[PDB]
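Single chain ahead, written as structure tokens, the form deposited in one PDB entry.
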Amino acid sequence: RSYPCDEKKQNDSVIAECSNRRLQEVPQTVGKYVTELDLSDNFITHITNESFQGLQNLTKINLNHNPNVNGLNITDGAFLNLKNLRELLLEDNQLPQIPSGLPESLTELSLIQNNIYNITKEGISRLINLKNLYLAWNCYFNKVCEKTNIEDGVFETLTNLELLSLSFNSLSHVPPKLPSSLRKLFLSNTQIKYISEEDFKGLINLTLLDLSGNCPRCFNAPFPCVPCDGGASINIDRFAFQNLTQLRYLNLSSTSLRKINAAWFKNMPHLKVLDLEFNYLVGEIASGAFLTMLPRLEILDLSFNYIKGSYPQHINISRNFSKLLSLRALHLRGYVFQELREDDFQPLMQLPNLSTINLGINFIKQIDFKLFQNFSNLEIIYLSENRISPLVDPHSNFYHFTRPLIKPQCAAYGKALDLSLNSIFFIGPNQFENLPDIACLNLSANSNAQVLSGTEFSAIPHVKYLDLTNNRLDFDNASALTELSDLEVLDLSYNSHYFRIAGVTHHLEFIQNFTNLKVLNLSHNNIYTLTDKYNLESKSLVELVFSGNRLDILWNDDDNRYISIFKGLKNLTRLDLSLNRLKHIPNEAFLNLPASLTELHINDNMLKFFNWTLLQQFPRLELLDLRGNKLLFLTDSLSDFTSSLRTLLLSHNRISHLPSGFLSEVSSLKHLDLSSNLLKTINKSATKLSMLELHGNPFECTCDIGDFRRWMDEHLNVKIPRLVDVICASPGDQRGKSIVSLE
């Protein structure tokens, strides 16, 4: 049993997860087999040639974010002992210089978020084996440095370097003497205003070049931002990319470009992805000579080149967009325009592989929706943050929202269409005419108050995943949504009435109708009474998320109407009853919970009593989640009630005693979470167990606890995570120390 780090196999090696544990120094108590050690986000202040002895097999060390709440003191040659160190991460360490005498065995070095202003031969030219060198975020908006200083030809000794990142350093100019081994050169936000012909010669293996943020488009810029003055674009010489014939990724976002020289791509027959966000290219989009130079371009971002002060009727799309044969995703966020017509997108209708059109946040009023029928491969039509009316961390892409436009689980069903955050206040009768066949649909957050009658979705009868979150919908008619017989997922999360006055009823009879409905989410609907039918019914449903409702009211109904609300959901395996303000559950009510359950969540309620006997009603149950409640005790023999339960989550409760033979014998239990409770100790009197969580208990650390210590040691198979936070409250002297420290 390791301490303080959590140690485990990874692939074919053993790894030491030692992060966020308040260590003031590299431990010497690390396993012998460990080759990767993560000490990041700690209180480590100094590193000497002695810190990592007896650990010479180490391949990778991560020291990021040390220390927390002056920087890190790295003695010279501190690491020269480690003859196998490949990857060394020193990020956010407040380093004042490149540490000297770093092992020549290194292949990946990261020194981002430090105060390093000199890049010297001393520091890193002995490191002939570097593949990946990351020096970013060192001089930006800081009294010093004035300017990062790059000793002429530091690199070039680096004949194996493939990745170099100098982004976010005041460089003013591209370093000369860069190795020809480079494939990826990151120079975002480096105050490089001009790109000579000479600057990138000899880099005939370049696959990626990042020059974003040079001559920022500073307008409404979240971070500080010093534009070039004259509002001038970066200045790239004509033939400046002529011997870059491998370039696959070019990121010119936020370089104040008005004009794009088609010369730049003359020798770039493979350009795959072009970032042009945060520029002034409305003009160039209208004409665009350069579009003829990019028959292999797969991803084009022209987002956020709107013209301040302006809100034009139509978008202007060059004919040349049709020369983009290989285009897969066109990102046209925040161009800002009112009407979009069939004819405006004629160019894109020919592109065979175009599957994503992103028209996010253009505040568009009218769209000619039939136009999307005319595309062989549209999979994702993303129209969030428009005005359609009813119809009668420095390791993140800084500029292009890379996470999915639409929830995988929704898009997985087919063509997706996102109309969230528009003006669709009711669903017009022509709302969805001329749409192609949509499988996934977002109407979230449209202040939408439709009285659903069963005819609103007839034009797209095959929607499978429907997101209606954050509207004001009325599904009192039991025909509601019936035209969607293939619907599999429904999200009514956060749905209320338009008045947001307390006292709203709900009819849930529409649910029973669906023969393959699988997931329904009524979270935060504030349901306290159903009208007429007091049972939900489904032969298909598998998941109901009922959180943020008033089951506390429903089950305390003195006349007993909701004793079986859920029983008729006959296939249900997962039920989330969290946040329902539950003090206790009528025994009768709990025994009507569908016997089919596998996972039950009653966490974050106010339960003070739980009838462990009732788990006999539930032969298939595996996960029971009673976290964040007010429970005082546990039944002294669980086995007798269930032989199915795998995981029991009790954390954030008021349990001070473990019953005798509680764990002897739970039998089928693997994960037990008794963390943040009121245990002071554990009897030896209290198995197939494999996680036991205990951090956050006010443990009395005397000789009484010694029982448990030797139970732990004689049960290494049972993981107990997070030891650091298994804290003695008493008796300080002991207080604050980990219960693994005593004798």
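Numbers follow the displayed sequence, beginning with 1. Between two forms, the rigid core is the largest collection of C-alphas that superpose within 1.5 Å.
Modelled in this chain, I424 is likewise built in all the other compared entries whose models extend past it on both sides, so a third of them omitting it does not occur. In all of the other compared structures of this protein with flanking residues present, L171 is modelled, so it falls below the one-third mark for missing coordinates. Where coordinates are absent for parts of the deposited sequence, a chain break appears; between neighbours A686 and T687 it spans 4 to 9 residues.
The modelled chain breaks between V69 and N70, where 10 or more residues of the deposited sequence lack coordinates.
Remark: stretch with higher mean C-alpha B factor among 448-456 and 637-645 is 637-645. Taking the mean C-alpha B-factor of each stretch as recorded, 246-254 and 201-209 are not equal, and the higher mean is that of 201-209. Per the PDB entry, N73 shows the highest C-alpha temperature factor of the residues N73, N470, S110, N516.
Set against one another, the Cα B-factors of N495, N560, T190, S165 in the record reach their highest point at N560. Per the deposited record, the Cα B-factor of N62 falls in the lowest third when ranked against the other modelled residues of its chain. Sort the modelled residues of the chain by CA B factor and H314 lands in the middle third. When all modelled residues of the chain are sorted by CA temperature factor, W264 is found within the middle third. Looking at the C-alpha B-factors along this chain, the one for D38 belongs to the lowest third. Looking at the C-alpha B-factors along this chain, the one for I285 belongs to the lowest third.
Absent from the display: the form deposited in another entry. The rest refers to it.
Only one candidate in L127, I357, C228, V504 has its Cα displaced by 2 Å or more between the shown form and the other one after core superposition: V504.
Superposition on the rigid core between the shown form and the other one places the CA atom of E146 2 Å or more away from its counterpart. In the other form, the CA atoms of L607 and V504 move farther apart by at least 3 angstroms compared with the shown structure. Pairwise change in the other form: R581 and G503 C-alpha atoms lie farther apart than in the shown form, at least 3 Å.
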